[PDB]
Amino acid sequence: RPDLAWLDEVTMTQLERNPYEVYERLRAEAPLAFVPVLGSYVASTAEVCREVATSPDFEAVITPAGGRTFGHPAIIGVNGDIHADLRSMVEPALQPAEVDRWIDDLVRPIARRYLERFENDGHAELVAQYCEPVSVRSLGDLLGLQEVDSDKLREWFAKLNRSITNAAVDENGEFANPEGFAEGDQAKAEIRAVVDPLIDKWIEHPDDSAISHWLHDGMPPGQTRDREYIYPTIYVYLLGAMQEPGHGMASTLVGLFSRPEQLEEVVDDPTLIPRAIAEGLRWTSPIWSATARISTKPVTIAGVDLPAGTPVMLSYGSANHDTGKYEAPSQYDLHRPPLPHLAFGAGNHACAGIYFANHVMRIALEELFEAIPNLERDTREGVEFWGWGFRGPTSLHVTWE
């Protein structure tokens, strides 16, 4: 596309460091645009992302780097009967009525455990010391990975993150950094070494862990789903389900620190925490551009005539800064009117864990503000955000008296 010649000079590193300037141009110039370094069309506005995610002429497709990492059948990349089975498999523990039965006794003692390690120090780095551990310990226990240390769960989602966002392609459309997939392969090998013995045991002795239920639920007597059939969805969980609640917590905190009067409001009135989190997810979406859809017939989107079989990356983190929807979207504002947002996606492949994720984040922040009401940002240490596919702060240094 001639007027988008400048996109030829956009780099993967630029998008990872801060994608918002490029995507501000894309939203104005070309809401659906082919980005050469990504080797794909990209949807940048709320209207186009929603249309693609919900269209009857599109279905799920995994990104190239996602496919190289997760294989088949990753719940995010399949459709039809297989997708319906995988959704039936994961949905029971995520049902709102079910989550409300046990989410408090799950998350609150975990939040207290990690808080007790530092709440009297007067300083902490909240990403590593609190947000990520609460996120991975809660979900890890739900899955049946109680014996997998939070440090290890966090290392796995970091490696899987970098692997499935290893999207850069060269002039010929081949991956520019094929060696970047090796650490994804290494994480999967380690995951297998840990989880294979657990699956062995769950096949013979089912329990209330989620992975045990993935093996057994809905199956004929004495049968389980083959481990190869569920492993890619295990990997999906060990990346985003482990990573995103902690990132959403942390981005919410960074935004509140950027509006000190709003931080004070929420500490004083913790019933405002759900609204603070919803704005945090819009303001810096944890899953920023990690999923995609593929057209199943010729379709015209945003004035582009796409052939059948065209992938489109859904850059939801950009759509959540759509100035057709939001005033001054790069500013965190607790008091923004509650509007629809796309941080959980849309359509048949929208996030299955929204209700759970929202409560994990709410409980973590409630406990944090109860334990340390006088939290302040360490204004010497600046907050760097990183990531194009998944985005969040790399650290969050705070102090308190």
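Sequential numbering from 1, following the sequence displayed.
As the entry records it, the average C-alpha temperature factor is higher for 382-390, out of 16-24 and 382-390. For the pair 283-291 and 257-265, the mean B factor over Cα atoms is greater in 257-265. The residue among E132, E91, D104, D85 whose C-alpha carries the highest B-factor in the deposited model is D104. Within the listed group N79, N161, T323, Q146, the record reports its top CA B-factor for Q146. Ranked against the other modelled residues of its chain, the C-alpha B-factor of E59 as given in the entry falls in the lowest third. Per-chain ranking of the deposited C-alpha B factor places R137 in the lowest third.
For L334, the recorded CA B-factor ranks within the highest third of the chain. Only modelled residues enter the ranking.
Sort the chain's modelled residues by C-alpha temperature factor and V195 lands in the middle third, per the entry.
Among all modelled residues in this chain, the alpha-carbon of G246 has a temperature factor (C-alpha) in the lowest third.
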